[PDB]
Structures are given as C-alpha cells and as structure tokens.
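What follows is target.tsv (TSV, C-alpha atoms (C1' of nucleotides)).
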chain	number	residue	atom	x	y	z
A	1	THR	CA	-2.19	1.96	13.71
A	2	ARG	CA	-0.11	0.19	11.01
A	3	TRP	CA	3.26	1.11	9.52
A	4	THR	CA	3.44	2.34	5.91
A	5	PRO	CA	6.95	2.64	4.39
A	6	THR	CA	7.95	5.67	2.37
A	7	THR	CA	9.03	4.73	-1.11
A	8	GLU	CA	12.38	6.16	-0.04
A	9	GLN	CA	12.38	3.68	2.82
A	10	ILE	CA	11.56	0.88	0.40
A	11	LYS	CA	14.56	1.88	-1.74
A	12	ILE	CA	16.81	1.39	1.32
A	13	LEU	CA	15.29	-1.95	2.32
A	14	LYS	CA	15.37	-3.26	-1.26
A	15	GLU	CA	19.01	-2.21	-1.59
A	16	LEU	CA	19.93	-4.16	1.55
A	17	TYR	CA	17.93	-7.22	0.58
A	18	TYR	CA	18.92	-7.57	-3.07
A	19	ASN	CA	22.22	-5.68	-3.40
A	20	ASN	CA	23.57	-6.88	-0.04
A	21	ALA	CA	21.80	-10.24	0.48
A	22	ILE	CA	20.50	-9.16	3.90
A	23	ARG	CA	17.60	-11.53	4.46
A	24	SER	CA	17.44	-12.31	8.23
A	25	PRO	CA	19.05	-9.27	9.81
A	26	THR	CA	20.49	-9.70	13.27
A	27	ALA	CA	19.35	-7.58	16.20
A	28	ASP	CA	22.28	-5.17	15.77
A	29	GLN	CA	21.44	-4.81	12.10
A	30	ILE	CA	17.76	-4.17	12.83
A	31	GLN	CA	18.66	-1.30	15.12
A	32	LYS	CA	21.13	0.25	12.65
A	33	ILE	CA	18.70	-0.22	9.75
A	34	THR	CA	15.92	1.30	11.85
A	35	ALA	CA	18.04	4.36	12.58
A	36	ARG	CA	18.59	4.76	8.81
A	37	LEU	CA	14.90	4.44	7.98
A	38	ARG	CA	13.71	6.85	10.71
A	39	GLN	CA	14.99	9.80	8.64
A	40	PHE	CA	11.99	9.26	6.33
A	41	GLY	CA	9.20	8.35	8.75
A	42	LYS	CA	8.15	6.96	12.07
A	43	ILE	CA	9.47	3.43	12.41
A	44	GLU	CA	10.15	0.84	15.12
A	45	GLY	CA	12.46	-2.15	15.26
A	46	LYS	CA	9.57	-4.55	14.78
A	47	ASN	CA	8.56	-2.85	11.50
A	48	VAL	CA	11.95	-3.66	10.01
A	49	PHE	CA	11.89	-7.09	11.60
A	50	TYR	CA	8.52	-8.04	10.12
A	51	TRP	CA	9.49	-6.59	6.71
A	52	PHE	CA	12.43	-8.89	6.12
A	53	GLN	CA	10.46	-11.86	7.43
A	54	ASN	CA	7.54	-11.12	5.11
A	55	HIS	CA	9.61	-10.24	2.03
A	56	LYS	CA	11.76	-13.35	2.45
A	57	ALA	CA	8.64	-15.49	2.85
A	58	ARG	CA	7.17	-14.12	-0.37
A	59	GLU	CA	10.05	-13.72	-2.93
B	1	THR	CA	-0.35	-4.56	-13.18
B	2	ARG	CA	-2.03	-2.05	-10.77
B	3	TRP	CA	-0.59	1.39	-10.12
B	4	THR	CA	1.23	2.03	-6.86
B	5	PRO	CA	1.69	5.71	-6.01
B	6	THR	CA	5.04	6.96	-4.83
B	7	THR	CA	4.96	8.95	-1.59
B	8	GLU	CA	5.80	12.23	-3.40
B	9	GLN	CA	2.85	11.65	-5.69
B	10	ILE	CA	0.64	11.08	-2.64
B	11	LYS	CA	2.02	14.35	-1.29
B	12	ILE	CA	0.86	16.12	-4.47
B	13	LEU	CA	-2.61	14.56	-4.61
B	14	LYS	CA	-3.49	15.29	-0.98
B	15	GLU	CA	-2.09	18.78	-1.48
B	16	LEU	CA	-4.48	19.36	-4.42
B	17	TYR	CA	-7.44	17.73	-2.67
B	18	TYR	CA	-7.20	19.40	0.78
B	19	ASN	CA	-5.13	22.54	0.15
B	20	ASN	CA	-6.75	23.45	-3.19
B	21	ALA	CA	-10.17	21.85	-2.66
B	22	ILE	CA	-9.93	19.91	-5.94
B	23	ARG	CA	-12.19	16.89	-5.41
B	24	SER	CA	-13.80	16.11	-8.80
B	25	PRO	CA	-11.13	17.49	-11.11
B	26	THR	CA	-12.13	18.36	-14.67
B	27	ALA	CA	-10.53	16.77	-17.71
B	28	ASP	CA	-8.05	19.61	-18.30
B	29	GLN	CA	-7.07	19.37	-14.65
B	30	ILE	CA	-6.68	15.60	-14.84
B	31	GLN	CA	-4.28	15.96	-17.74
B	32	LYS	CA	-2.29	18.72	-16.01
B	33	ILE	CA	-2.13	16.70	-12.76
B	34	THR	CA	-0.99	13.55	-14.57
B	35	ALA	CA	1.79	15.46	-16.35
B	36	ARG	CA	3.06	16.72	-12.98
B	37	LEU	CA	2.87	13.31	-11.31
B	38	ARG	CA	4.63	11.58	-14.21
B	39	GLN	CA	7.81	13.27	-13.00
B	40	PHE	CA	7.79	10.70	-10.17
B	41	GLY	CA	6.56	7.55	-11.91
B	42	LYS	CA	4.65	5.83	-14.66
B	43	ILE	CA	1.13	7.27	-14.49
B	44	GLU	CA	-2.04	7.54	-16.61
B	45	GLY	CA	-4.99	9.91	-16.43
B	46	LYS	CA	-7.29	7.08	-15.38
B	47	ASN	CA	-5.13	6.56	-12.27
B	48	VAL	CA	-5.63	10.17	-11.19
B	49	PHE	CA	-9.33	9.95	-11.98
B	50	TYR	CA	-9.82	6.87	-9.82
B	51	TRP	CA	-7.68	8.40	-7.11
B	52	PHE	CA	-9.94	11.39	-6.59
B	53	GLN	CA	-13.04	9.29	-7.06
B	54	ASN	CA	-11.79	6.87	-4.39
B	55	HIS	CA	-10.46	9.46	-1.95
B	56	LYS	CA	-13.58	11.60	-2.13
B	57	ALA	CA	-15.87	8.61	-1.57
B	58	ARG	CA	-13.98	7.18	1.44
B	59	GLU	CA	-13.16	10.42	3.26
C	1	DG	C1'	-21.32	10.85	-9.79
C	2	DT	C1'	-22.22	7.30	-6.09
C	3	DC	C1'	-21.97	2.99	-4.21
C	4	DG	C1'	-20.76	-1.58	-3.67
C	5	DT	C1'	-17.56	-5.03	-4.70
C	6	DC	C1'	-13.74	-7.18	-6.02
C	7	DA	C1'	-8.48	-8.02	-6.22
C	8	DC	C1'	-4.40	-7.76	-4.36
C	9	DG	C1'	-0.46	-6.43	-1.64
C	10	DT	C1'	1.27	-6.27	2.65
C	11	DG	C1'	1.83	-5.27	7.77
C	12	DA	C1'	1.06	-7.87	11.65
C	13	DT	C1'	0.59	-12.01	14.49
C	14	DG	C1'	0.61	-16.80	16.65
C	15	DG	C1'	1.78	-21.62	16.76
C	16	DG	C1'	4.82	-25.13	16.73
D	1	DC	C1'	12.56	-20.30	11.99
D	2	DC	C1'	8.73	-20.88	8.94
D	3	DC	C1'	4.07	-21.31	8.20
D	4	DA	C1'	-0.74	-19.70	7.79
D	5	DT	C1'	-3.76	-16.76	8.41
D	6	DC	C1'	-5.81	-12.23	9.81
D	7	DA	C1'	-6.53	-7.15	9.24
D	8	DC	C1'	-7.18	-3.72	6.02
D	9	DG	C1'	-6.06	-0.11	2.93
D	10	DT	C1'	-6.79	0.82	-1.75
D	11	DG	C1'	-6.44	0.63	-6.98
D	12	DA	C1'	-10.01	-0.92	-10.13
D	13	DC	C1'	-13.90	-1.77	-12.00
D	14	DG	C1'	-19.41	-2.44	-13.00
D	15	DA	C1'	-23.98	-0.85	-12.72
D	16	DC	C1'	-27.40	2.37	-12.19
Show me this structure written as structure tokens.
Amino acid sequence: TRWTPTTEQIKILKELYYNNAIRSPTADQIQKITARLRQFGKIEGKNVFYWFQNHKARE
Amino acid sequence: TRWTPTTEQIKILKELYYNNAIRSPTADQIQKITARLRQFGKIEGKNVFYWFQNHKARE
DNA sequence: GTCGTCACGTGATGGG
DNA sequence: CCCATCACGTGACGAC
C-alpha cells in the first residue's frame, strides 16, 4: 500500500530541506537520499521524490 | 494542535495492545503508559485513551 | 463503551 | 514544473 515515514526518516528529510535548502533533489540525490532513509524502513525512489514535491508545494 | 505519535511511541502502544492484551486500559494504566510515552514526546492521558479507543474499534 | 462523524495531514497521481 | 485533486489513515470528538 502507501509509504509511511519513520519519525527518524522525517528528521533526515527535514534536515536536508531546511538545513541544506534541498527542495528539488536531482536524480542522483534521490538515490543517495533513498539509500540513507532505507536504514529505517522500506522506501523507494518515488517516495522521496513525492515527499520533496509535496512539502515544497505546501510550505 | 492534534497529537502526532512518534514511531517509538507507536512501537510501545502496539506492544501493550497485542503483546500484553491491554485494550481498554484502566486509569492507573493510562497514567503509567503516558509517563512512559512522554519520554519520546509531548503527550497527555487523553491521547492514550483515544488511541486505545480508536485502535480497538477499527481493528 | 460503541459507533458514527468530522478534521486534517499527507502520500500519491495526472494534466498541461 | 506546478497545480489540483484523490485516497485514506487517524486523532478527536459527540451522543446515546
């Protein structure tokens, strides 16, 4: 079904977005970010892709 | 506004519900559970009450 | 002590 | 790229 981020994963994403101004990550970045997040859960590239797109759209 | 459980809190609640068969916890238990969960976030007894009420109903 | 309902956040898409 | 929805889980109530 649908992806649900660990809070730990959210900490990583939030750190990239706010502390590092990563808002529209490139393909290379999505794959590296995905590797990082997989330590804490199942996760695909598209999960990380949609997350930045949605969080950007909403901030 | 509304409470958002951290993953580690969700680990604790499911662990009490399924592994300890606590499904309509008593008041003393609600207070004890809240104390434990507060280690991981802001939390009030009424959150834990609603959580069991909601999880029991929808299971 | 149960049920129905709301309120809201958010993952997931599609269209242009 | 950005927009607008959709899908849906779920914290909160109210009522009884």
Applying 12 Å and only C-alpha atoms (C1' of nucleotides), which residues near segment 5-7 of chain D remain after dropping the ones on its own chain fewer than 2 positions away? List them as an mmCIF file with C-alpha atoms (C1' of nucleotides), in the coordinates of the input.
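selection_36.cif was written with the following content:
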data_model
loop_
_atom_site.group_PDB
_atom_site.id
_atom_site.type_symbol
_atom_site.label_atom_id
_atom_site.label_comp_id
_atom_site.auth_asym_id
_atom_site.auth_seq_id
_atom_site.Cartn_x
_atom_site.Cartn_y
_atom_site.Cartn_z
ATOM 1 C CA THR A 1 -2.190 1.960 13.710
ATOM 2 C CA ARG A 2 -0.110 0.190 11.010
ATOM 3 C "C1'" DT C 10 1.270 -6.270 2.650
ATOM 4 C "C1'" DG C 11 1.830 -5.270 7.770
ATOM 5 C "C1'" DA C 12 1.060 -7.870 11.650
ATOM 6 C "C1'" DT C 13 0.590 -12.010 14.490
ATOM 7 C "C1'" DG C 14 0.610 -16.800 16.650
ATOM 8 C "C1'" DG C 15 1.780 -21.620 16.760
ATOM 9 C "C1'" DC D 3 4.070 -21.310 8.200
ATOM 10 C "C1'" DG D 9 -6.060 -0.110 2.930
#
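Picture a line from atom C1' of residue 4 of chain C to atom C1' of residue 13 of chain D; it runs 10.8 Å.
Of the listed residues (B:24, B:19, B:4, B:9), B:24 comes nearest to residue 53 of chain B; the distances count all atoms listed in the file.
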Separation of atom CA of residue 54 of chain B from atom CA of residue 20 of chain B in Å: 17.4 Å
Fitted chain B, least squares over ordered Cα pairs with chain A, as a compact mmCIF listing (two decimals) with C-alpha atoms, keeping the file's coordinate frame:
# COMPACT_ATOMS: atom_id res chain seq x y z
CA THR B 1 -2.29 2.17 13.36
CA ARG B 2 -0.21 0.02 10.92
CA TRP B 3 3.07 1.23 9.45
CA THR B 4 3.14 2.41 5.86
CA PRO B 5 6.62 2.61 4.34
CA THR B 6 7.64 5.66 2.37
CA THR B 7 9.06 4.95 -1.08
CA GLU B 8 12.59 6.02 -0.03
CA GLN B 9 12.42 3.55 2.83
CA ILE B 10 11.36 0.83 0.37
CA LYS B 11 14.35 1.86 -1.73
CA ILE B 12 16.63 1.25 1.27
CA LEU B 13 15.14 -2.09 2.30
CA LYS B 14 15.25 -3.63 -1.18
CA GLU B 15 18.77 -2.26 -1.53
CA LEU B 16 19.84 -4.09 1.66
CA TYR B 17 17.96 -7.27 0.78
CA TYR B 18 19.03 -7.71 -2.89
CA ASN B 19 22.22 -5.64 -3.18
CA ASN B 20 23.68 -6.65 0.20
CA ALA B 21 22.03 -10.06 0.58
CA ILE B 22 20.67 -9.18 4.04
CA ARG B 23 17.62 -11.43 4.44
CA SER B 24 17.43 -12.37 8.15
CA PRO B 25 19.16 -9.37 9.67
CA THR B 26 20.62 -9.73 13.16
CA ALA B 27 19.56 -7.56 16.07
CA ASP B 28 22.44 -5.09 15.72
CA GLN B 29 21.59 -4.78 12.04
CA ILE B 30 17.90 -4.27 12.78
CA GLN B 31 18.73 -1.39 15.09
CA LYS B 32 21.15 0.18 12.59
CA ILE B 33 18.61 -0.20 9.75
CA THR B 34 15.80 1.33 11.82
CA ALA B 35 17.97 4.34 12.72
CA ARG B 36 18.64 4.94 9.01
CA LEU B 37 15.00 4.54 8.00
CA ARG B 38 13.77 6.84 10.77
CA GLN B 39 15.22 9.70 8.74
CA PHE B 40 12.21 9.24 6.42
CA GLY B 41 9.40 8.42 8.86
CA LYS B 42 8.18 7.09 12.16
CA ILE B 43 9.59 3.56 12.40
CA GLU B 44 10.23 0.82 14.99
CA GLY B 45 12.55 -2.17 14.96
CA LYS B 46 9.60 -4.55 14.83
CA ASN B 47 8.55 -2.98 11.51
CA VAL B 48 11.93 -3.76 9.96
CA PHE B 49 11.86 -7.25 11.43
CA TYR B 50 8.47 -8.04 9.94
CA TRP B 51 9.51 -6.47 6.67
CA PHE B 52 12.38 -8.86 6.08
CA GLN B 53 10.41 -11.77 7.46
CA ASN B 54 7.57 -10.96 5.04
CA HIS B 55 9.70 -10.16 2.00
CA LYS B 56 11.86 -13.25 2.39
CA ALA B 57 8.83 -15.53 2.77
CA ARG B 58 6.91 -14.18 -0.26
CA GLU B 59 9.79 -13.78 -2.71
Residue with smallest distance to chain B - pool A:32, A:40, A:23, A:13, counting only C-alpha atoms: A:40
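Compared by their closest atoms to chain D, and using all atoms listed in the file, the residues B:16, B:37, B:22, B:48 rank with B:48 nearest.
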For residue 25 of chain B: contacts at 8 Å, only C-alpha atoms (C1' of nucleotides), fewer than 3 positions along chain excluded, given as a PyMOL selection string: chain B and resi 22+29-30+49+52
Using C-alpha atoms, can you write the selected residues to a file as a PDB file, keeping the file's coordinate frame?
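Wrote result_20.pdb, looks like this:
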ATOM      1  CA  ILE B  22      -9.930  19.910  -5.940  1.00  0.00           C
ATOM      2  CA  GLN B  29      -7.070  19.370 -14.650  1.00  0.00           C
ATOM      3  CA  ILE B  30      -6.680  15.600 -14.840  1.00  0.00           C
ATOM      4  CA  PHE B  49      -9.330   9.950 -11.980  1.00  0.00           C
ATOM      5  CA  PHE B  52      -9.940  11.390  -6.590  1.00  0.00           C
TER       6      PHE B  52
END
Hey, could you pull the box centre and edge lengths for segment 6-9 of chain C, axis-aligned, 8 Å padding per side, all listed atoms, to one decimal in Å, as JSON?
{"center_x": -7.1, "center_y": -7.2, "center_z": -3.9, "size_x": 29.3, "size_y": 17.6, "size_z": 20.6}
